[PDB]
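The chain below stands alone, shown as structure tokens; this is the form deposited in one PDB entry.
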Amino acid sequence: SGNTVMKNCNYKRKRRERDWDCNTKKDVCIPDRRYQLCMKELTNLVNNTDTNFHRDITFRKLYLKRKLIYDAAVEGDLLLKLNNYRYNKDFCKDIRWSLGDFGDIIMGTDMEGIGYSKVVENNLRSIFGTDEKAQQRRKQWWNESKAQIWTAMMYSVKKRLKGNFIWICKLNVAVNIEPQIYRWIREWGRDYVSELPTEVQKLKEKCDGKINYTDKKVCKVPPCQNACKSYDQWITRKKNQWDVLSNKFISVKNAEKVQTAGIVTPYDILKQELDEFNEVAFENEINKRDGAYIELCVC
């Protein structure tokens, strides 16, 4: 009675509007897509009376599935509305990233674990229990629900592309169990290679060219000297974000009992995920040893 806990599934913010959060939980970096993950129905479980007054388990699990399908269905529609109803790679990737995060929430292997997410975790603890075999029971429940949730996320494209529908987003890929940190490095990298050309483009309009072929515009010119300070802000953040994500990866990779074909370091994930990735170019970029920062920002 006004005591009802509720987290609304609001419109998705413009891509890269809010950067990766490396401050909230300092061991990890959270993407704004994850913070905005639709959890309306999962969160609502805190308010459900002890309907245990006349129920058991198999039922609880089924209730959970129906509620999770609804949150996944909303997420799918809102993500499509974010990509401006364009049924492309960008959308498929988000469906993969978000499907993945629902799985980690259920498995109790998610890295947000704060506020409403701590509330969703406690809700799942109430359904499944807290014994040693509770986490596997959860993992099992996920392995029997994971494809239904992906088909639930795709409902929006299906309903909107009636019969004029193709499988641009493949099941086998989206429903593939991978560690959270691996999936987020894939998402971060993708965001990075988008931010980067823009960031070099603004640094160029103010700094490319010499004061009669001899002297850099970054030496005596303030509009440029400024562009360098602001590009430095961005590259400083991405470097921090990278080192944080990289460390988490190292920790997780060791704990993991499952071998990932080809994945040895975080660099291997980007080389896998991104088209034409070069780790020497990346390493130089994040460490201000790139052609652009030297040629446009140092005297």
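Residue numbers here begin at 1 and follow the sequence given.
There is another form of this protein, the form deposited with a partner chain bound, and it is not shown here; the text below is about that form.
* To do: Scan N122, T198, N176, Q148 and let me know which has any heavy atom within 4.5 Å of its partner chain in the bound PDB entry.
  => For this set of options, the contacting one is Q148.
* Just one of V221, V193, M107, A73 has a heavy atom within 4.5 angstroms of its partner chain in the bound PDB entry, so which one? -> By the 4.5 Å heavy-atom cutoff, the listed residue in contact is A73.
* Asked: Three residues, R16, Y35 and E132; all within 4.5 Å of its partner chain in the bound PDB entry via heavy atoms?
  -> Per the other structure, none of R16, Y35 and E132 touch its partner chain.
* Check whether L80 has any heavy atom within 4.5 Å of a heavy atom of its partner chain in the bound PDB entry, and answer yes or no. => Output for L80 is no: heavy atoms all beyond 4.5 Å of its partner chain.
* **Exercise: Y155 in contact with its partner chain in the bound PDB entry, heavy atom 4.5 Å** => Flag for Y155 set to yes.
* Asked: With a 4.5 Å heavy atom cut-off, would you call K257 a contact of its partner chain in the bound PDB entry?
  -> No, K257 sits far enough from its partner chain in the bound PDB entry that none of its heavy atoms falls within 4.5 Å.
* **Close approach of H54 to its partner chain in the bound PDB entry, 4.5 Å, heavy atom** => Result yes; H54 sits at the interface with its partner chain in the bound PDB entry.
* To do: Have a look at 87-95, 221-229, 156-164, 112-120 and name the one stretch with heavy atoms inside 4.5 Å of its partner chain in the bound PDB entry.
  => Among the listed stretches, the partner-contacting one is 156-164.
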